[PDB]
Ligand SMILES: *[C@@H]1O[C@H](CO)[C@@H](O[C@@H]2O[C@H](CO)[C@@H](O[C@@H]3O[C@H](CO[C@H]4O[C@H](CO)[C@@H](O)[C@H](O)[C@@H]4O)[C@@H](O)[C@H](O[C@H]4O[C@H](CO)[C@@H](O)[C@H](O)[C@@H]4O)[C@@H]3O)[C@H](O)[C@H]2NC(C)=O)[C@H](O)[C@H]1NC(C)=O
Ligand SMILES: *[C@@H]1O[C@H](CO)[C@@H](O[C@@H]2O[C@H](CO)[C@@H](O[C@@H]3O[C@H](CO[C@H]4O[C@H](CO)[C@@H](O)[C@H](O)[C@@H]4O)[C@@H](O)[C@H](O[C@H]4O[C@H](CO)[C@@H](O)[C@H](O)[C@@H]4O)[C@@H]3O)[C@H](O)[C@H]2NC(C)=O)[C@H](O)[C@H]1NC(C)=O
Ligand SMILES: *[C@@H]1O[C@H](CO)[C@@H](O[C@@H]2O[C@H](CO)[C@@H](O[C@@H]3O[C@H](CO[C@H]4O[C@H](CO)[C@@H](O)[C@H](O)[C@@H]4O)[C@@H](O)[C@H](O[C@H]4O[C@H](CO)[C@@H](O)[C@H](O)[C@@H]4O)[C@@H]3O)[C@H](O)[C@H]2NC(C)=O)[C@H](O)[C@H]1NC(C)=O
Ligand SMILES: *[C@@H]1O[C@H](CO)[C@@H](O[C@@H]2O[C@H](CO)[C@@H](O[C@@H]3O[C@H](CO[C@H]4O[C@H](CO)[C@@H](O)[C@H](O)[C@@H]4O)[C@@H](O)[C@H](O[C@H]4O[C@H](CO)[C@@H](O)[C@H](O)[C@@H]4O)[C@@H]3O)[C@H](O)[C@H]2NC(C)=O)[C@H](O)[C@H]1NC(C)=O
Ligand SMILES: *[C@@H]1O[C@H](CO)[C@@H](O[C@@H]2O[C@H](CO)[C@@H](O[C@@H]3O[C@H](CO[C@H]4O[C@H](CO)[C@@H](O)[C@H](O)[C@@H]4O)[C@@H](O)[C@H](O[C@H]4O[C@H](CO)[C@@H](O)[C@H](O)[C@@H]4O)[C@@H]3O)[C@H](O)[C@H]2NC(C)=O)[C@H](O)[C@H]1NC(C)=O
Ligand SMILES: *[C@@H]1O[C@H](CO)[C@@H](O[C@@H]2O[C@H](CO)[C@@H](O[C@@H]3O[C@H](CO[C@H]4O[C@H](CO)[C@@H](O)[C@H](O)[C@@H]4O)[C@@H](O)[C@H](O[C@H]4O[C@H](CO)[C@@H](O)[C@H](O)[C@@H]4O)[C@@H]3O)[C@H](O)[C@H]2NC(C)=O)[C@H](O)[C@H]1NC(C)=O
Ligand SMILES: *[C@@H]1O[C@H](CO)[C@@H](O[C@@H]2O[C@H](CO)[C@@H](O[C@@H]3O[C@H](CO)[C@@H](O)[C@H](O)[C@@H]3O)[C@H](O)[C@H]2NC(C)=O)[C@H](O)[C@H]1NC(C)=O
Ligand SMILES: *[C@@H]1O[C@H](CO)[C@@H](O[C@@H]2O[C@H](CO)[C@@H](O[C@@H]3O[C@H](CO)[C@@H](O)[C@H](O)[C@@H]3O)[C@H](O)[C@H]2NC(C)=O)[C@H](O)[C@H]1NC(C)=O
Ligand SMILES: *[C@@H]1O[C@H](CO)[C@@H](O[C@@H]2O[C@H](CO)[C@@H](O[C@@H]3O[C@H](CO)[C@@H](O)[C@H](O)[C@@H]3O)[C@H](O)[C@H]2NC(C)=O)[C@H](O)[C@H]1NC(C)=O
Ligand SMILES: *[C@@H]1O[C@H](CO)[C@@H](O[C@@H]2O[C@H](CO)[C@@H](O)[C@H](O)[C@H]2NC(C)=O)[C@H](O)[C@H]1NC(C)=O
Ligand SMILES: *[C@@H]1O[C@H](CO)[C@@H](O[C@@H]2O[C@H](CO)[C@@H](O)[C@H](O)[C@H]2NC(C)=O)[C@H](O)[C@H]1NC(C)=O
Ligand SMILES: *[C@@H]1O[C@H](CO)[C@@H](O[C@@H]2O[C@H](CO)[C@@H](O)[C@H](O)[C@H]2NC(C)=O)[C@H](O)[C@H]1NC(C)=O
Ligand SMILES: *[C@@H]1O[C@H](CO)[C@@H](O)[C@H](O)[C@H]1NC(C)=O
Ligand SMILES: *[C@@H]1O[C@H](CO)[C@@H](O)[C@H](O)[C@H]1NC(C)=O
Ligand SMILES: *[C@@H]1O[C@H](CO)[C@@H](O)[C@H](O)[C@H]1NC(C)=O
Ligand SMILES: *[C@@H]1O[C@H](CO)[C@@H](O)[C@H](O)[C@H]1NC(C)=O
Ligand SMILES: *[C@@H]1O[C@H](CO)[C@@H](O)[C@H](O)[C@H]1NC(C)=O
Ligand SMILES: [Zn+2]
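Next comes the structure, spelled out in structure tokens:
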């Protein structure tokens with residue numbers, strides 16, 4: 272999948288996200304992580328002289344999502360400040376979910392328990408997804424006619 | 272699922288819509304019902328003093344959908360006036376489709392026959408959905424390897 | 272599905288796209304073909328006197344996609360100029376993919392090899408889709424309970 | 059409504075009162091007369107009308123040139139809210155004071171006890187299609203079909223009046239009004 | 059085109075004429091010379107050029123201050139349409155008459171039979187980056203690579223001319239022009 | 059973090075420095091004091107403050123009427139960039155110079171070495187809700203909660223100062239600032 276450059280992150284490590292998780296970016300409109308990826312891709316392809332970031336900032340950043348997060352910040356509600364994103368990673372297989380924003384309250388990152396239900400169920404979905412892609416992969420290769428012959 | 276308070280509706284009854292039907296709101300951009308739900312949720316969380332409705336009215340209401348409905352109204356074409364929404368309910372099980380707008384012509388609500396094909400086929404989908412979630416639910420729990428063992 | 276009028280195209284032939292391929296327009300936001308289809312449908316329904332194209336041009340044409348294509352054009356990058364669209368057709372069955380833009384460089388259409396990887400997988404995907412709809416169609420009609428009875 | 063032996067067609071009707079009680083709203087009396095109301099309890103309103111009668115003249119009345127606030131008398135108790143609602147209406151019309159025709163408002167010593175704001179939409183006074191733009195904007199804002207109708215003098219006139227429940231508020235009109243005025247504070 | 063033994067690659071080309079016959083369009087001659095056409099059958103047009111020649115002077119010519127329509131002679135038969143198309147161009151440039159430099163247009167007693175509107179885009183006349191903003195806007199509107207090129215005097219000049227089929231119309235350019243002018247009436 | 063026997067909770071932190079090094083950014087010192095910085099290496103900045111004491115008077119200072127660039131002294135080396143950043147701030151506030159109150163800037167012969175731009179946001183000076191609009195826009199732009207607080215004189219003042227690392231760079235604030243200024247050239 273798409274792999275982030277060293278300067279993009281602060282962990283001094285290589286982080287490559289698979290295309291399976293990143294395929295959800297196009298459908299989703301509430302994912303700040305996908306907006307961050309779009310900004311980083313635009314910046315990277317611009318770096319490798329006129330800067331065109333102001334022409335495409337609307338296309339890369341959702342003003343509605345940013346406004347919603349700012350309004351949550353102003354009301355002392357947990358909000359996304361577009362810095363840290365958490366994801367569930369299946370260590371044995373390497374499959375992972377699309378990263379989701381780590382919320383902030385009182386200028387402090389939200390604790391893991393305070394959004395436990397967010398990453399419990401998410402983790403479940405990952406496993407379910409890992410058990411649902413296998414059926415689709417087999418169904419993609421083998422037609423329904425072959426299964427009908429086996430029945431008779 | 273999420274339900275609407277007594278003041279939200281005019282039927283003086285409690286109406287809970289399940290998360291299965293409401294999950295289609297994020298993908299759809301032509302659903303006026305989802306826009307109304309977003310407005311009502313914003314209003315509710317604001318009620319429970329500065330009003331921030333003008334800051335988020337763009338995020339809650341799609342200007343393009345509203346413009347399209349207004350243009351349909353101006354051309355004496357059936358249109359959504361954001362008041363009444365119809366849905367298909369499987370009474371025995373309680374599962375239901377995402378509510379869709381009840382169209383209006385000549386300042387009069389569209390009659391049931393005049394959009395019969397809209398709710399015949401929709402109803403079919405509901406049944407098909409109720410027959411498609413069962414396969415996915417079983418596939419989510421049981422891996423493909425277990426099915427392969429049963430074959431041999 | 273939706274049939275394009277003779278005046279819409281330049282091939283002097285009837286081209287009808289099935290609803291299965293055109294159903295992807297609502298979810299996709301990077302499809303210039305779906306924007307062109309929306310524009311053509313609006314103009315057709317206007318033809319069959329006040330022109331309302333300026334009121335709905337935002338709702339029919341995505342400004343962000345147009346901006347992205349223009350910025351690609353300015354940077355001497357392959358881009359869509361909203362004229363020619365390619366799609367993969369299964370000739371024996373008639374099923375086809377959603378048309379995709381034929382990119383342009385140096386005022387010249389991209390050659391078939393230069394986006395070969397684009398129309399290989401798409402073709403493959405089409406076949407996979409033709410092998411995945413059959414499973415869903417059968418699952419839509421037959422409930423999971425009937426399959427359980429056959430096991431025992 | 060029974061679709062089949064195991065399926066029922068059901069509906070819900072929304073109540074958008076509490077959402078839009080405290081925000082500007084508008085409604086149509088007829089295709090030429092519209093009313094804009096600051097909030098539900100306001101005792102005044104501003105009507106917008108397409109007229110064929112010249113009510114203000116350039117030789118006698120004031121040009122609106124970055125001083126729309128002056129068109130309301132200083133003694134009006136709701137003067138600030140009236141000027142605000144006038145600005146809300148002008149934003150709802152997508153009015154461009156740089157290129158659109160200069161509006162007129164009543165003279166400072168006017169005997170009549172209402173604030174007039176007159177925009178000349180006669181053909182040829184503005185650019186080509188300016189009057190069609192204004193009428194189509196009225197159709198978008200209030201649901202008016204006046205743009206879809208059959213070169214005499216016309217004017218868009220906004221005058222203040224007392225609220226007499228002339229028309230019932232329309233929350234679709236409220237959404238159009240608020241969308242044209244995103245970011246402007248409202249609601250008390 | 060054939061992909062595999064059971065599939066083929068094929069294409070469709072759209073015809074965008076009837077959609078954009080009656081609406082303003084634009085065309086690029088070269089990276090410095092552009093034409094805006096009010097519609098397909100119009101015998102006039104508006105040329106937009108990036109020039110290094112001072113054509114109008116503040117000491118001799120009129121500056122546009124809420125009176126752009128005065129820059130077209132009253133005797134021109136398409137005067138209203140020309141003023142409208144000029145407004146369409148200024149609105150497509152995202153021009154802000156409040157903070158951007160004041161445009162100049164020709165004197166009333168000018169001998170040349172041209173309506174000329176001059177915007178000074180020389181570095182230092184406006185705020186920093188104003189000229190880059192204008193050139194990049196030209197690139198967005200017409201497909202210009204002029205912004206992507208190598213502090214002398216520059217001007218954006220909009221003059222009127224007779225339509226001579228100087229280019230072929232571009233419906234992508236038309237789409238950009240219409241998107242920048244949403245809500246303004248067009249099409250006859 | 060270990061969610062279960064076969065899964066883990068992992069996170070990534072982004073570094074948005076290189077994305078916004080060359081673009082205008084802003085910072086909050088407290089809920090009344092903000093700083094806008096052209097780029098990382100600029101030695102000057104503009105602070106925006108909600109103040110309760112008048113610094114400029116209509117009797118002694120200059121009204122901003124299509125001549126904001128005059129408020130910066132011609133001898134300033136970054137004059138063009140300063141005027142540009144002032145325009146960036148005014149666009150970020152969604153200021154409408156046609157209907158919003160006229161800003162004041164310091165007199166030409168001012169002894170102080172600051173460029174002051176004063177907007178009167180006292181209740182009643184503008185239309186109803188104008189001050190709330192400005193304070194809520196400040197909250198949107200810089201994250202200020204000043205609008206969410208408890213009719214004396216109040217002003218929004220933009221002055222210039224030397225960059226002393228008054229804050230830390232905030233890229234959310236940069237995103238808001240650039241979104242309000244789409245199409246305006248930046249980045250060197
Ligand atoms: C918003 O602000 C604008 C200006 O920015 C105001 O418009 C001005 O209003 C004033 C006051 O009514 C007008 O002044 C009067 O104009 C006439 C002479 O003006 C000459 O110059 C102007 C150019 O501005 C021409 O348009 C005009 O044709 C004339 O050539 C006379 O009618 C008046 O004279 C009066 O005063 C003099 C001395 O003061 C006396 O000797 C006379 O007897 C008489 O009493 C007067 O000077 C001014 O012309 C207007 N300007 C414009 C450009 O229209 C708007 O009124 C204001 N709107 C609101 C709502 O406040
Ligand atoms: C729609 O908009 C219009 C126009 O803006 C409003 O009409 C104005 O209404 C105000 C009150 O709200 C009027 O002002 C009042 O007028 C009266 C006096 O007027 C005379 O003043 C002197 C006296 O010789 C002369 O010029 C001449 O004879 C005038 O007729 C009095 O009722 C008021 O004065 C009293 O109150 C004030 C303040 O409390 C005190 O200072 C005074 O001493 C006195 O006690 C007041 O001045 C104003 O004239 C109207 N404007 C016009 C243009 O006619 C409508 O009210 C508004 N309608 C709605 C529904 O919003
Ligand atoms: C759009 O509208 C603007 C104004 O809103 C017009 O610009 C004005 O144009 C008029 C007419 O050409 C100008 O008037 C002339 O200006 C000179 C003197 O003006 C003094 O004041 C202005 C301040 O406005 C200063 O800029 C200027 O330097 C001067 O200090 C003289 O050249 C002219 O004098 C003529 O008339 C007098 C008597 O009327 C005679 O004695 C003289 O001999 C001579 O004939 C004249 O007064 C005015 O200055 C312009 N204003 C501005 C602000 O620029 C635009 O022309 C108009 N545009 C269009 C397209 O219509
Ligand atoms: C691009 O834009 C330019 C500038 O706006 C246009 O040029 C103008 O064109 C109009 C016609 O469309 C010209 O007006 C005509 O000029 C002629 C007379 O001019 C003289 O007028 C008096 C006479 O002594 C003097 O000032 C001087 O000698 C002038 O040269 C005549 O051809 C016309 O008058 C006839 O028609 C009118 C109306 O029908 C009648 O009232 C008259 O009595 C007479 O019969 C007319 O006045 C105008 O002068 C031009 N402007 C400039 C600045 O030169 C272009 O046409 C336009 N082009 C396109 C393609 O859009
Ligand atoms: C942006 O541009 C605006 C105008 O477009 C400028 O505002 C003007 O500023 C000038 C000074 O720079 C002001 O001129 C002075 O005004 C007074 C008289 O003006 C009368 O008319 C105005 C109407 O415009 C009224 O507001 C005012 O009350 C008066 O009735 C006097 O103080 C001054 O007189 C000086 O000159 C005369 C002769 O030149 C001498 O005899 C006097 O002794 C004295 O030296 C002077 O004329 C002008 O009034 C302002 N106009 C407005 C509308 O406010 C802004 O300053 C400018 N901003 C920037 C940042 O450049
Ligand atoms: C924030 O914004 C403010 C206001 O815009 C800026 O302050 C201005 O700074 C400039 C320099 O950048 C100042 O101009 C300089 O002033 C000095 C001379 O001032 C005197 O000028 C005459 C002399 O008698 C009298 O009017 C009076 O005594 C003045 O005090 C000199 O330092 C400079 O002149 C020298 O340089 C210039 C150009 O190099 C040469 O032409 C001269 O001959 C000479 O060598 C220069 O003129 C200006 O006065 C300040 N404005 C105000 C209103 O005070 C800040 O710099 C800015 N800050 C930041 C951080 O951006
Ligand atoms: C609103 O705008 C309209 C349209 O421009 C103005 O009406 C027009 O006024 C002009 C004069 O200013 C009239 O021209 C005159 O007409 C006759 C001959 O036709 C004659 O009196 C003169 O020789 C002159 O040419 C013009 O006919 C008239 N148009 C219409 C359609 O009536 C009107 O004055 C403007 N009103 C306001 C209040 O601003
Ligand atoms: C368009 O804007 C440009 C940029 O401001 C203007 O050109 C500039 O004009 C000024 C005078 O107004 C010139 O300054 C003069 O330069 C020399 C010394 O360098 C000398 O004559 C004077 O002492 C004065 O300083 C400036 O050089 C010049 N800039 C350039 C790049 O040529 C131009 O006048 C404007 N044109 C119009 C039509 O508005
Ligand atoms: C900024 O706007 C405020 C709000 O309008 C201005 O303050 C107001 O100034 C007026 C006079 O222009 C004051 O009215 C006067 O008040 C007393 C009686 O209350 C008396 O001196 C006079 O009879 C007159 O009515 C008004 O009280 C005052 N409001 C407040 C809240 O202080 C202010 O002048 C403007 N400042 C600038 C720099 O533009
Ligand atoms: C997002 O919020 C986090 C904290 O929730 C910010 O991280 C802090 O940044 C400051 C500097 O401003 C450091 O001193 C702290 O140590 C950081 N805290 C933690 C817990 O890491 C982060 O800067 C915020 N990002 C934005 C764009 O506002
Ligand atoms: C949407 O349209 C319906 C009718 O199609 C409107 O309902 C009517 O409302 C009026 C009051 O305006 C009542 O007198 C009628 O009895 C209602 N008719 C029906 C059939 O219920 C409804 O108000 C419209 N909503 C909007 C926002 O315009
Ligand atoms: C999109 O690009 C194609 C070429 O890549 C353009 O097609 C050319 O159009 C010109 C006329 O301008 C013809 O002379 C050429 O023969 C065409 N070339 C080909 C290969 O067909 C097309 O016009 C462009 N469309 C737009 C809107 O710019
Ligand atoms: C937020 O948390 C901080 C840190 O504990 C605390 O000081 C503050 O009172 C809390 N509440 C608010 C409203 O800031
Ligand atoms: C956060 O939760 C962890 C357990 O997940 C707990 O050990 C820790 O003390 C909590 N931190 C705070 C600051 O409450
Ligand atoms: C719409 O229906 C109403 C009610 O029957 C009728 O009066 C009217 O003529 C119809 N047509 C139009 C165009 O309003
Ligand atoms: C609406 O359709 C129903 C049947 O579904 C019919 O009984 C009724 O008369 C129709 N109403 C009108 C007004 O035509
Ligand atoms: C683009 O291709 C054309 C046609 O071969 C060629 O003339 C030109 O040099 C190429 N490059 C650019 C940057 O235009
Ligand atoms: Zn979407």
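Chains as they are written, first to last, in PDB author numbering: chain b, 272 to 319, 328 to 431; chain a, 272 to 319, 328 to 431; chain c, 272 to 319, 328 to 431; chain A, 59 to 208, 213 to 250; chain C, 59 to 208, 213 to 250; chain B, 59 to 208, 213 to 250. Heads up, the beta-carbon is just placed ideally off N, CA and C, and yes, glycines get one too.
Cutoff 8 angstroms: residue i Cβ touching any chain b Cβ
| i | result |
| --- | --- |
| residue 195/B | no |
Euclidean distance between Cα positions of residue i and residue j
| i | j | result |
| --- | --- | --- |
| residue 224/C | residue 218/C | 19 angstroms |
| residue 101/A | residue 332/b | 49 angstroms |
| residue 361/b | residue 304/b | 7 angstroms |
| residue 107/A | residue 307/a | 31 angstroms |
| residue 208/C | residue 399/c | 42 angstroms |
| residue 222/C | residue 353/c | 27 angstroms |
| residue 405/a | residue 408/b | 23 angstroms |
Neighbour flag for residue i against chain A, beta carbons, 8 angstroms
| i | result |
| --- | --- |
| residue 135/C | no |
| residue 329/c | yes |
Residue-level contact to chain a via CB, residue i, 8 angstroms cutoff
| i | result |
| --- | --- |
| residue 70/A | yes |
When the options are compared against residue i, the one with the closest alpha-carbon
| i | options | result |
| --- | --- | --- |
| residue 63/A | 408/a, 273/a and 368/a | 368/a |
| residue 88/C | 66/C, 204/C, 130/C and 134/C | 204/C |
Chain C within 8 angstroms of residue i, Cβ atoms only
| i | result |
| --- | --- |
| residue 334/b | yes |
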